[PDB]
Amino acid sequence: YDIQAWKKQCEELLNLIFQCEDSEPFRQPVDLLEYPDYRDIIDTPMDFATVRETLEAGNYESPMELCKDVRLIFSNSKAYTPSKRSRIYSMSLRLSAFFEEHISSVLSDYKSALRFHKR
């Protein structure tokens, strides 16, 4: 029922994501010299360094907000990919599965802790 525990749990999960080769495309912004049309397709860029920095700044109030930004990394990859078989998009899908598998208990625990707080 620790309503703060999500933050370290998210730091640890981000650490695991940064050890994962599948995250390499998603740890920094898209170089427009490499992908010149990227901002024609993607309105709101997001990467794992931005997520980590926002968490470390104390600018997430809840793991739900962190989860929204991580899911934006994946939806941006799906929207930008030219093919559902593209290397970088395929990496996004494995990393999304990994993330969702691990974030589910973080979200459940937080929400249960907030319900207990308000009981």
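If you superpose the two forms and keep the largest set of C-alpha atoms that fall within 1.5 Å, you have the rigid core. From 1 onward, residues are counted along the sequence shown.
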*After a core fit, does 60 to 68 or 26 to 34 show the bigger CA gap to the shown form in 8 other deposited structures of this protein?*
26 to 34
*Is 35 to 43 or 48 to 56 the stretch whose C-alphas end up farther from this model in 8 other deposited structures of this protein after a rigid core fit?*
35 to 43
*Give the stretch, out of 77 to 85 and 36 to 44, with the larger mean C-alpha temperature factor in the deposited entry.*
36 to 44
*Output the stretch having the higher mean C-alpha B factor in the entry; the candidates are 23 to 31 and 66 to 74.*
23 to 31
_Third of chain Cα B-factors occupied by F18_ = highest
*Determine, from the deposited record, the chain-internal third of the Cα B-factor for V51: lowest, middle or highest.*
lowest
